[PDB]
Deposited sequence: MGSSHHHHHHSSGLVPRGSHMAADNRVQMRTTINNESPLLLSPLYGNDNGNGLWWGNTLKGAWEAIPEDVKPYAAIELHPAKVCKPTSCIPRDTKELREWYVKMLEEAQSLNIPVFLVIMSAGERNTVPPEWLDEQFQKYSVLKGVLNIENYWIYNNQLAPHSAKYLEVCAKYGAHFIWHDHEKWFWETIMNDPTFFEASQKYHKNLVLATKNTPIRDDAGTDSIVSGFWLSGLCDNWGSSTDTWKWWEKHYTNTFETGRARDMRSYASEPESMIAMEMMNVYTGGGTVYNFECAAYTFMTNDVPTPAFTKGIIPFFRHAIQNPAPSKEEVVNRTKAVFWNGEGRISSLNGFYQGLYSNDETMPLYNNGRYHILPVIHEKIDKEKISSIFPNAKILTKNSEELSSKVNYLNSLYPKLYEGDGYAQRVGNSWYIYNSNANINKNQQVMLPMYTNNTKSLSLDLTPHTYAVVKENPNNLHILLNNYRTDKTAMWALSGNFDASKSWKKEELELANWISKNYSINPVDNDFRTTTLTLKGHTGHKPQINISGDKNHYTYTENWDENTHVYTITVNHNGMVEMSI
């Protein structure tokens, strides 16, 4: 059967969600199916689809898709709409521990009828686990395999993913139907961010799913009790899900991309996508620019990831869920948040206990297999450092990915700059340094005879939103106050974003004739000064920006 969606490093997938309403036109946040697909740029459309989450249509609990007459009616109403407009769609059919979800035969029927139905999602179960979730998912995966569709499972936490793949039914189904399976993170619960990336990407490396990815959830900002950027001492509310810096959304995507991931999903959509059919700056100037990077520059392939891996951690003699300080001293000081401090080790893969040690040896013949009982873990950092050489100086995040450097400031909500000094692997320049403010990322690609540099620090001032009067408590999710915030967003944030405060990124090329650069960027959102020292052959460009800047040197 032909695959309904091609998903790989050369053809990544961007998911944008719509949510059901139990009234009106049947959709929340004032959006429509037509407006959703209208929001997706024409160059991105070949690599995109719309997620349909029944949300408020679900009864007795919103977002929990218990099979009902009304639920089916809603799926069918939306499928009819999407089919008429040739909009590729995925249905959320499992969530939050629900055991009585739509029958596999019902889904089979819908695949038969609707060419636009590309697959289904299972989302979020770590707080409400039961032993039916894995076998149910396995059955739906088999249905997906029948029709060339994809089953996408977003979930989180080390113990949880360990538990899922220990299920004999789901482990078997994964071995059979890996082509049709996507396993993905969902960093909502502000725990296990590093371990989850290692285990989920490890499933992909182990051949249990052909693609992995993420649901990047700005509700994490609410979970942390964070408010306006860098602010302390204010009570959280729904405005917190609209306050994670736009460029930081893209940095979360970069963690997936550079780990070989290929599927990107997002919450909360009132911030990350659209309200009243007006796409938001988080979407247009955060998610879209990074997704375009991923379309234009294929993520590391499975074999590239395998080949760069010097060690793996195998859960076979004790599990990563039992080593809560594992990533300390290596690359994450704080698993409650997604940003990595260090790119020296990439994402270290964690291999699941159901994969035999002989198979690991076969997949990664050149990697050390660490286990919990490895004597080398008595000096964990020194040992890993003997395998992964130090590649840069400074306190910023930098990762070497083939012929490129991937860089960001790792400070999530502390207003402090970071610096990196990056040795270079061609004689275009000897070394390249960056001074980065928070919520700035960069990508430097070394071509044979030029450097391509991408800078993006886009972050709107959230102050105006935080200054509004009213009750925006999260207990009014799915209620009129949430619409009120969404209505404000479509008339203020999305049309008159407060993005005129520029921040400075300083780029220095040491040991680089005075370059004649080609520079562009977001209209009216950057200025720059250049400096050339002909004796030292040092070129400095000082870029003041709020948004994207691109150069070829």
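According to the record, the deposited residues with no C-alpha atom in the structure span 1-26, 539-540.
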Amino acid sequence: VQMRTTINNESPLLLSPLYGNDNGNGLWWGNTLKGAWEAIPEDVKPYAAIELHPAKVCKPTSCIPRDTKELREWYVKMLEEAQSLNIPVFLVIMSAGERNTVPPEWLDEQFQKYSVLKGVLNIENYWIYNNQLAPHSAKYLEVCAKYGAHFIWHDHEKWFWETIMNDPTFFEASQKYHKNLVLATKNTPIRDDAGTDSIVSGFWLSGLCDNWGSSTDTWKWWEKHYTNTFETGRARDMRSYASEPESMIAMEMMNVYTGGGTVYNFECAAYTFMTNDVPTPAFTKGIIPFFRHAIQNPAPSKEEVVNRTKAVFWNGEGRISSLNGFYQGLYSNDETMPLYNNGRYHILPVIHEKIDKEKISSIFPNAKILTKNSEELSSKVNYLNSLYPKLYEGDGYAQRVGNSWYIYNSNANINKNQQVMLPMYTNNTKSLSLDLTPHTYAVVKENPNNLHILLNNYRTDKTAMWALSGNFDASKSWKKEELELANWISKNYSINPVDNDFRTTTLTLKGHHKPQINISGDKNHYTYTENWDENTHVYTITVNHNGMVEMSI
From here on, numbers count along this sequence of modelled residues.
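Stretches 222-230 and 83-91 differ in mean CA B factor, with 83-91 having the higher one. Relative to its counterpart among 395-403 and 303-311, 303-311 has the higher mean temperature factor, C-alpha atoms as listed in the PDB entry.
The residue among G207, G119, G325, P279 whose C-alpha atom has the highest B-factor in the PDB entry is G325. Out of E446, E98, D155, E73, the entry records its largest CA B-factor for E73. When the CA B factors of the chain's modelled residues are split into thirds, the value for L483 lands in the highest one. Remark: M3 belongs to the highest third of its chain, ranked by C-alpha B-factor as recorded.
In this PDB entry, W159 carries a Cα temperature factor that places it within the lowest third of its chain's modelled residues.
The entry lists a Cα temperature factor for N382 that places it in the highest third of the chain's modelled residues.
Annotation for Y345: C-alpha temperature factor in the lowest third relative to the rest of the modelled chain, per the entry.
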